[PDB]
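Colleague: Mind looking over this structure? Questions follow.
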Amino acid sequence: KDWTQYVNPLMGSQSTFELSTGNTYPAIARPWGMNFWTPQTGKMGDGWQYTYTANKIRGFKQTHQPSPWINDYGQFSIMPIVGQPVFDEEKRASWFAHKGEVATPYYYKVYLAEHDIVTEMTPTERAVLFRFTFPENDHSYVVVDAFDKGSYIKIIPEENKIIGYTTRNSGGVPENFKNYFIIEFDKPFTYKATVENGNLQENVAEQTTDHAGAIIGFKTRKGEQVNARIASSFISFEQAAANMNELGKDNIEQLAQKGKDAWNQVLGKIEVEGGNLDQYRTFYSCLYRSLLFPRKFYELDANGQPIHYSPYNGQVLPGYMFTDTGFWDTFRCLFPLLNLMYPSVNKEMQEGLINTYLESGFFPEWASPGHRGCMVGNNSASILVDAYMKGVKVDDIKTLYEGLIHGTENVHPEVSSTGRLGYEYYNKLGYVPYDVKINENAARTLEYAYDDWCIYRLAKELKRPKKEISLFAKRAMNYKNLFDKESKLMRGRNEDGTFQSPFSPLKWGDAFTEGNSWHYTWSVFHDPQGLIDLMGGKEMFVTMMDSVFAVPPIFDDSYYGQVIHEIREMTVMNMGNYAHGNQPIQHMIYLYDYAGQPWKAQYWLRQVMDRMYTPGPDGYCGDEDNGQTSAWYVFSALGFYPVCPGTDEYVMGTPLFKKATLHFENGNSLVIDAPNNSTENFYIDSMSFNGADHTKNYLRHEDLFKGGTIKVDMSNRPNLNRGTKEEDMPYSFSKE
Ligand SMILES: OC[C@@H]1[C@@H](O)[C@H](O)[C@H](O)c2nccn21
Ligand SMILES: [Ca+2]
């Protein structure tokens, strides 16, 4: 029963600065692996470390990068060569072609045309095995590149061993940051040299310098194979040596099988059938991408118990730790997918978040590996509360709540996206003003209002004092403070209470983040009825929604000074101002359900699924973003979506396959049966749940978990009478 066959690690690699089709690299890794491995086509330092259109590989690199924008840390590479012992990253490079390359989650192989070498690699969570097949040559070499900005290398010939550390990073690390690595060869060195800032030094054992490296050599027969066992650690060499045991004594074939098994274990929790090969590939590739971030950032001590280097305070402490995710992205549906299908994994992650707070003073928003300045909002609140409300409960609930309250009245002194920038204005006025030097003020307000509803939900659940509950119940309505009755849109508001003038609904950034008013107005996840009312009723609301799709993709880009890829991605799509390639508008289509018109959602969701996702190297319509854009497709292909994390609800869309089966960790299974599904039959004519007629526009977490069968009768005509009743509507705070 194999699903890995459908996973294309190359999907999203054909991307540029100007137009993203994913901005991914081939992550050769275990699910949520501490260390990822990738072929490297880019130069050292370039966020675009692998691009499909590149012709040369120059190394096989350990990487932790979550995006080309955030860039990398804990990074070093290995490169087999023939002829001269050359360290230079250009001179050592080799031409290759994609037809000479095999990429899967558990195994990567490539043929290096300028050296006549085959490279294979199979990783575990923290370690990896390389196998190099060399040609007949007197002078065959392996290059180890510890990268620049301060590193260390040491050759240990009595053990066919090279060790070292790397420090090049992109911010967000303590002063003592190091990644310690160990490499063991099965073949003795006949040549050895370390490299000091590009200068080759034969029989010198050790370097401590800006850019350290090593070159070892030997004679090879035709087809002779040399294996290299590699592990790394954020704690020490001794711990890197312990991590190495993950490999046991396995060879390439045995480790590949183990990795294939670990991926089939997780991918196979969702079985789809009755689709075409494009759909299978697109689905499972998206699922693979949803099971990578945040990465494990903990290691195992001698008793098999988790310990971690703190990317927050630089100490080595007990317990879980994860990193490399921006909650601004992944609150939306990535983490919800974990709460539905992988709750035991999120349990580890949530414990890790308690540790971020204890070690740093704040919950993270963007972490890579420590706090990084990027995006907006206080959406850790959604993550933390959603997990708790769906039965993923940390040990220390006391600290959990305190951490949440802390975030509402503090901003990190060095990292402005950590905590709530503008909390003082927000707490006092009910919004962050447009004219007080706090950029992206309207986006901050709207997301905080939602984050406060999340806190309200937990405070109520925890039976906090009525005063606290009331405060957050009030703050949750702060989205009303930026609604402009005249345009029916959200609008920047001045400190004096006047609306910002002149108002451009089509202007990106400024008051908003990477979007305009037409994208951000819909950010009222917890109260769509409230928004419906603000607009003057469901008919007007639907009119506003339809117009998003109907207009040209005209924009105003003056806040950025250039057509950023996010805007360009939107212009080429021919779907009006529906900017699906970015996060803010991603839940929007599901809002049709709340207005009593689910057939419109069914239509537009099928459009997006068919057109905006392809399984090739240019498969996405914009940045993939650590699982968010991928997990969107996974949920939407299943036929539902967590519009409002922190509720128990999944809002109905339209399924893509004829059959889908979910295998929950509790041992129950759900069958979603849509036997008449096709390219033409994308409307839901009727639905039943275990025999009972089901006309509601939503499904509940605990009902899903019980198991059984959902039957969906597909049709090529919209049913105008189903899901229009009040009791069919999903949750709105205003009705509560
Ligand atoms: O990757 C960092 C952030 C993302 O978290 C976010 O999705 C945003 O769209 C974006 N554009 C460029 C970089 N970023
Ligand atoms: Ca994005």
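Residue names in the structure tokens use chain letters A, B, ... in the order shown, residue numbers from 1 in each chain, and ligand numbers from 1 in the order shown.
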Can you pull out every residue with an atom within 8 Å of ligand 1? Use only C-alpha atoms and all ligand atoms and format it as JSON, numbers by chain.

Modeller: {"A": [66, 67, 68, 69, 70, 325, 326, 327, 328, 329, 366, 374, 375, 514, 566, 582, 583, 623, 625]}

Colleague: Print the selection's residues with C-alpha atoms to a file, as a compact mmCIF listing (two decimals), in the first residue's frame.

Modeller:
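Once everything was written out, this is again.txt:
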```
# COMPACT_ATOMS: atom_id res chain seq x y z
CA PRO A 66 11.54 27.53 5.87
CA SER A 67 11.46 29.94 2.91
CA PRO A 68 13.91 31.74 0.58
CA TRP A 69 12.96 35.01 2.35
CA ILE A 70 13.70 33.84 5.90
CA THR A 325 7.04 28.29 11.15
CA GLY A 326 5.19 31.59 10.94
CA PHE A 327 1.80 31.43 12.65
CA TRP A 328 0.52 34.26 10.44
CA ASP A 329 0.53 31.49 7.74
CA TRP A 366 7.64 33.81 13.46
CA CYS A 374 8.32 38.93 10.10
CA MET A 375 4.57 39.44 9.37
CA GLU A 514 0.42 41.95 1.40
CA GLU A 566 2.28 38.48 -4.63
CA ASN A 582 -1.40 34.49 -0.50
CA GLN A 583 -2.89 33.73 2.91
CA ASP A 623 4.36 30.72 -1.93
CA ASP A 625 4.50 28.69 3.19
```

Colleague: Residues of stretch 29-114 of chain A that have any atom at most 12 Å from an atom of stretch 216-235 of chain A: could you tabulate them with the shortest-distance atom pair and the distance in Å to one decimal, using only C-alpha atoms, ordered by chain and increasing number, as JSON lines?

Modeller:
```
{"residue": "A:34", "atom": "CA", "partner": "A:233", "partner_atom": "CA", "distance": 9.0}
{"residue": "A:35", "atom": "CA", "partner": "A:232", "partner_atom": "CA", "distance": 7.8}
{"residue": "A:36", "atom": "CA", "partner": "A:232", "partner_atom": "CA", "distance": 10.9}
{"residue": "A:37", "atom": "CA", "partner": "A:230", "partner_atom": "CA", "distance": 11.0}
{"residue": "A:60", "atom": "CA", "partner": "A:230", "partner_atom": "CA", "distance": 11.8}
{"residue": "A:61", "atom": "CA", "partner": "A:230", "partner_atom": "CA", "distance": 11.4}
{"residue": "A:62", "atom": "CA", "partner": "A:232", "partner_atom": "CA", "distance": 9.1}
{"residue": "A:63", "atom": "CA", "partner": "A:232", "partner_atom": "CA", "distance": 11.2}
{"residue": "A:73", "atom": "CA", "partner": "A:234", "partner_atom": "CA", "distance": 11.0}
{"residue": "A:74", "atom": "CA", "partner": "A:234", "partner_atom": "CA", "distance": 8.2}
{"residue": "A:75", "atom": "CA", "partner": "A:232", "partner_atom": "CA", "distance": 10.1}
{"residue": "A:76", "atom": "CA", "partner": "A:232", "partner_atom": "CA", "distance": 10.1}
{"residue": "A:77", "atom": "CA", "partner": "A:230", "partner_atom": "CA", "distance": 10.7}
{"residue": "A:78", "atom": "CA", "partner": "A:228", "partner_atom": "CA", "distance": 9.8}
{"residue": "A:79", "atom": "CA", "partner": "A:216", "partner_atom": "CA", "distance": 10.7}
{"residue": "A:80", "atom": "CA", "partner": "A:216", "partner_atom": "CA", "distance": 9.7}
{"residue": "A:81", "atom": "CA", "partner": "A:217", "partner_atom": "CA", "distance": 9.4}
{"residue": "A:82", "atom": "CA", "partner": "A:217", "partner_atom": "CA", "distance": 9.3}
{"residue": "A:83", "atom": "CA", "partner": "A:217", "partner_atom": "CA", "distance": 10.4}
{"residue": "A:84", "atom": "CA", "partner": "A:217", "partner_atom": "CA", "distance": 10.2}
{"residue": "A:85", "atom": "CA", "partner": "A:217", "partner_atom": "CA", "distance": 8.3}
{"residue": "A:86", "atom": "CA", "partner": "A:216", "partner_atom": "CA", "distance": 10.9}
{"residue": "A:87", "atom": "CA", "partner": "A:216", "partner_atom": "CA", "distance": 11.0}
```

Colleague: Might you pull out every residue within 10 Å of residue A:278, with only C-alpha atoms counted and same-chain residues fewer than 6 positions away left off, and present them as a JSON list (two decimals) with N, CA and C atoms, in the first residue's frame?

Modeller:
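File written: part_26.json
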```json
[["chain", "number", "residue", "atom", "x", "y", "z"],
["A", 6, "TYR", "N", 3.28, 8.94, -5.35],
["A", 6, "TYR", "CA", 2.57, 10.13, -5.84],
["A", 6, "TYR", "C", 3.24, 11.46, -5.43],
["A", 610, "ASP", "N", -8.99, 22.93, -9.47],
["A", 610, "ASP", "CA", -8.67, 22.47, -10.83],
["A", 610, "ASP", "C", -7.58, 23.30, -11.50],
["A", 613, "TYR", "N", -3.68, 24.66, -8.86],
["A", 613, "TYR", "CA", -2.78, 23.64, -8.38],
["A", 613, "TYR", "C", -2.50, 22.62, -9.48],
["A", 614, "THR", "N", -1.23, 22.50, -9.88],
["A", 614, "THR", "CA", -0.79, 21.46, -10.80],
["A", 614, "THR", "C", 0.37, 20.64, -10.19],
["A", 615, "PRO", "N", 0.57, 19.39, -10.66],
["A", 615, "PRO", "CA", 1.54, 18.56, -9.95],
["A", 615, "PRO", "C", 3.00, 18.74, -10.42],
["A", 616, "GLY", "N", 3.23, 19.58, -11.42],
["A", 616, "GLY", "CA", 4.57, 19.79, -11.96],
["A", 616, "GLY", "C", 5.48, 20.65, -11.10]]
```

Colleague: Contacts of residue A:258 at 12 Å or less, counting only C-alpha atoms, minus same-chain residues fewer than 6 places along, as an mmCIF file with C-alpha atoms, in the first residue's frame?

Modeller:
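Output (around-v1.cif):
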```
data_model
loop_
_atom_site.group_PDB
_atom_site.id
_atom_site.type_symbol
_atom_site.label_atom_id
_atom_site.label_comp_id
_atom_site.auth_asym_id
_atom_site.auth_seq_id
_atom_site.Cartn_x
_atom_site.Cartn_y
_atom_site.Cartn_z
ATOM 1 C CA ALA A 29 13.639 14.171 5.135
ATOM 2 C CA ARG A 30 11.576 12.257 7.668
ATOM 3 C CA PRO A 105 10.835 12.074 0.365
ATOM 4 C CA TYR A 106 13.000 9.175 1.583
ATOM 5 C CA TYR A 107 15.635 8.942 -1.156
ATOM 6 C CA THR A 122 18.677 8.497 2.589
ATOM 7 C CA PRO A 123 18.065 10.484 5.775
ATOM 8 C CA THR A 124 16.639 9.760 9.186
ATOM 9 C CA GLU A 125 15.300 12.482 11.517
ATOM 10 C CA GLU A 246 19.703 6.462 14.128
ATOM 11 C CA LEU A 247 21.457 4.941 11.095
ATOM 12 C CA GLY A 248 22.355 1.661 12.920
ATOM 13 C CA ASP A 250 21.814 -0.019 7.608
ATOM 14 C CA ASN A 251 22.793 0.465 3.967
ATOM 15 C CA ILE A 252 21.082 2.731 1.382
ATOM 16 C CA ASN A 264 3.442 5.779 4.155
ATOM 17 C CA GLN A 265 2.528 5.658 7.855
#
```

Colleague: With distances taken over only C-alpha atoms and all ligand atoms, which of A:475, A:701, A:332, A:611 is nearest to ligand 2?

Modeller: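 Among the listed residues, A:332 lies closest to ligand 2.
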
Colleague: Just the number, please: distance in Å from atom CA of residue A:463 to atom CA of residue A:353, one decimal.

Modeller: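 Going from atom CA of residue A:463 over to atom CA of residue A:353, I get 22.9 Å.
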
Colleague: Excluding same-chain residues fewer than 3 positions from residue A:401, what lies within 9 Å of it counting only C-alpha atoms, as a ChimeraX atom specification?

Modeller: /A:397-398,404-406,455,458-459

Colleague: Within 12 Å of stretch 113-115 of chain A, counting only C-alpha atoms, which residues qualify if same-chain residues fewer than 6 places away don't, as a ChimeraX atom specification?

Modeller: /A:55-58,79-84,91-101,132-137,139-142

Colleague: Export N, CA and C atoms of the chosen residues as a PDB file, in the first residue's frame?

Modeller:
```
ATOM      1  N   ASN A  55      21.367  24.407 -13.921  1.00  0.00           N
ATOM      2  CA  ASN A  55      22.030  23.323 -14.612  1.00  0.00           C
ATOM      3  C   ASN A  55      23.066  22.554 -13.802  1.00  0.00           C
ATOM      4  N   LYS A  56      23.524  23.126 -12.687  1.00  0.00           N
ATOM      5  CA  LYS A  56      24.647  22.560 -11.942  1.00  0.00           C
ATOM      6  C   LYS A  56      24.349  22.373 -10.458  1.00  0.00           C
ATOM      7  N   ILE A  57      24.813  21.255  -9.914  1.00  0.00           N
ATOM      8  CA  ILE A  57      24.796  20.993  -8.488  1.00  0.00           C
ATOM      9  C   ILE A  57      26.221  21.190  -7.981  1.00  0.00           C
ATOM     10  N   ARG A  58      26.345  21.782  -6.802  1.00  0.00           N
ATOM     11  CA  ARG A  58      27.650  22.152  -6.252  1.00  0.00           C
ATOM     12  C   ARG A  58      27.837  21.599  -4.839  1.00  0.00           C
ATOM     13  N   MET A  79      30.409  17.225  -1.169  1.00  0.00           N
ATOM     14  CA  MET A  79      30.439  17.146  -2.630  1.00  0.00           C
ATOM     15  C   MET A  79      31.521  16.193  -3.156  1.00  0.00           C
ATOM     16  N   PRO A  80      31.115  15.133  -3.890  1.00  0.00           N
ATOM     17  CA  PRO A  80      32.094  14.221  -4.473  1.00  0.00           C
ATOM     18  C   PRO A  80      32.612  14.800  -5.792  1.00  0.00           C
ATOM     19  N   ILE A  81      33.916  14.640  -6.045  1.00  0.00           N
ATOM     20  CA  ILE A  81      34.575  15.157  -7.253  1.00  0.00           C
ATOM     21  C   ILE A  81      35.662  14.203  -7.730  1.00  0.00           C
ATOM     22  N   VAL A  82      36.250  14.528  -8.868  1.00  0.00           N
ATOM     23  CA  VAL A  82      37.243  13.703  -9.525  1.00  0.00           C
ATOM     24  C   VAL A  82      38.210  14.644 -10.252  1.00  0.00           C
ATOM     25  N   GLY A  83      39.482  14.268 -10.339  1.00  0.00           N
ATOM     26  CA  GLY A  83      40.478  15.102 -11.012  1.00  0.00           C
ATOM     27  C   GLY A  83      41.342  15.874 -10.033  1.00  0.00           C
ATOM     28  N   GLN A  84      41.122  17.183  -9.945  1.00  0.00           N
ATOM     29  CA  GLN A  84      41.861  18.053  -9.030  1.00  0.00           C
ATOM     30  C   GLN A  84      41.121  18.285  -7.707  1.00  0.00           C
ATOM     31  N   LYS A  91      33.979  25.981  -9.133  1.00  0.00           N
ATOM     32  CA  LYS A  91      34.847  25.066  -9.865  1.00  0.00           C
ATOM     33  C   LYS A  91      34.538  23.593  -9.593  1.00  0.00           C
ATOM     34  N   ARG A  92      33.928  23.296  -8.442  1.00  0.00           N
ATOM     35  CA  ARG A  92      33.616  21.909  -8.070  1.00  0.00           C
ATOM     36  C   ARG A  92      32.277  21.429  -8.631  1.00  0.00           C
ATOM     37  N   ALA A  93      31.511  22.353  -9.215  1.00  0.00           N
ATOM     38  CA  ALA A  93      30.126  22.088  -9.622  1.00  0.00           C
ATOM     39  C   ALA A  93      30.060  21.127 -10.796  1.00  0.00           C
ATOM     40  N   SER A  94      28.929  20.446 -10.947  1.00  0.00           N
ATOM     41  CA  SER A  94      28.743  19.570 -12.091  1.00  0.00           C
ATOM     42  C   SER A  94      27.398  19.802 -12.722  1.00  0.00           C
ATOM     43  N   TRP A  95      27.381  19.825 -14.051  1.00  0.00           N
ATOM     44  CA  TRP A  95      26.142  19.698 -14.822  1.00  0.00           C
ATOM     45  C   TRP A  95      25.360  18.439 -14.399  1.00  0.00           C
ATOM     46  N   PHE A  96      24.035  18.532 -14.430  1.00  0.00           N
ATOM     47  CA  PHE A  96      23.157  17.374 -14.283  1.00  0.00           C
ATOM     48  C   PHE A  96      21.872  17.640 -15.079  1.00  0.00           C
ATOM     49  N   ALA A  97      21.042  16.619 -15.258  1.00  0.00           N
ATOM     50  CA  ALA A  97      19.711  16.828 -15.821  1.00  0.00           C
ATOM     51  C   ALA A  97      18.676  16.097 -14.990  1.00  0.00           C
ATOM     52  N   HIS A  98      17.447  16.607 -15.031  1.00  0.00           N
ATOM     53  CA  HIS A  98      16.330  16.004 -14.279  1.00  0.00           C
ATOM     54  C   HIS A  98      16.011  14.545 -14.642  1.00  0.00           C
ATOM     55  N   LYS A  99      16.269  14.168 -15.896  1.00  0.00           N
ATOM     56  CA  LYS A  99      16.154  12.766 -16.318  1.00  0.00           C
ATOM     57  C   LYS A  99      17.247  11.877 -15.716  1.00  0.00           C
ATOM     58  N   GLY A 100      18.285  12.492 -15.135  1.00  0.00           N
ATOM     59  CA  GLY A 100      19.321  11.753 -14.410  1.00  0.00           C
ATOM     60  C   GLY A 100      19.176  11.873 -12.903  1.00  0.00           C
ATOM     61  N   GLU A 101      17.959  12.167 -12.461  1.00  0.00           N
ATOM     62  CA  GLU A 101      17.694  12.509 -11.082  1.00  0.00           C
ATOM     63  C   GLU A 101      16.440  11.777 -10.593  1.00  0.00           C
ATOM     64  N   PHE A 132      28.367   7.175  -2.688  1.00  0.00           N
ATOM     65  CA  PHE A 132      28.933   7.740  -3.898  1.00  0.00           C
ATOM     66  C   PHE A 132      29.470   6.606  -4.742  1.00  0.00           C
ATOM     67  N   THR A 133      28.995   6.519  -5.977  1.00  0.00           N
ATOM     68  CA  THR A 133      29.543   5.565  -6.925  1.00  0.00           C
ATOM     69  C   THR A 133      30.562   6.271  -7.839  1.00  0.00           C
ATOM     70  N   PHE A 134      31.841   5.956  -7.637  1.00  0.00           N
ATOM     71  CA  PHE A 134      32.950   6.622  -8.345  1.00  0.00           C
ATOM     72  C   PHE A 134      33.367   5.914  -9.635  1.00  0.00           C
ATOM     73  N   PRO A 135      33.924   6.666 -10.611  1.00  0.00           N
ATOM     74  CA  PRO A 135      34.532   6.039 -11.779  1.00  0.00           C
ATOM     75  C   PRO A 135      35.953   5.551 -11.467  1.00  0.00           C
ATOM     76  N   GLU A 136      36.561   4.840 -12.413  1.00  0.00           N
ATOM     77  CA  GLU A 136      37.969   4.462 -12.292  1.00  0.00           C
ATOM     78  C   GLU A 136      38.833   5.720 -12.339  1.00  0.00           C
ATOM     79  N   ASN A 137      39.561   5.985 -11.254  1.00  0.00           N
ATOM     80  CA  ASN A 137      40.374   7.196 -11.129  1.00  0.00           C
ATOM     81  C   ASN A 137      41.419   7.076 -10.018  1.00  0.00           C
ATOM     82  N   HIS A 139      42.590   9.838  -8.703  1.00  0.00           N
ATOM     83  CA  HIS A 139      42.276  11.014  -7.873  1.00  0.00           C
ATOM     84  C   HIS A 139      40.772  11.284  -7.712  1.00  0.00           C
ATOM     85  N   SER A 140      40.149  10.531  -6.809  1.00  0.00           N
ATOM     86  CA  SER A 140      38.757  10.763  -6.401  1.00  0.00           C
ATOM     87  C   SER A 140      38.717  11.446  -5.027  1.00  0.00           C
ATOM     88  N   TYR A 141      37.843  12.454  -4.880  1.00  0.00           N
ATOM     89  CA  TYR A 141      37.747  13.248  -3.643  1.00  0.00           C
ATOM     90  C   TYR A 141      36.322  13.435  -3.105  1.00  0.00           C
ATOM     91  N   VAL A 142      36.233  13.709  -1.802  1.00  0.00           N
ATOM     92  CA  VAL A 142      35.005  14.201  -1.198  1.00  0.00           C
ATOM     93  C   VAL A 142      35.302  15.536  -0.493  1.00  0.00           C
TER      94      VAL A 142
END
```

Colleague: Determine the nearest neighbour of residue A:492 from the options A:507, A:658, A:565, A:467, counting only C-alpha atoms.

Modeller: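 Smallest distance to residue A:492 is found for A:507.
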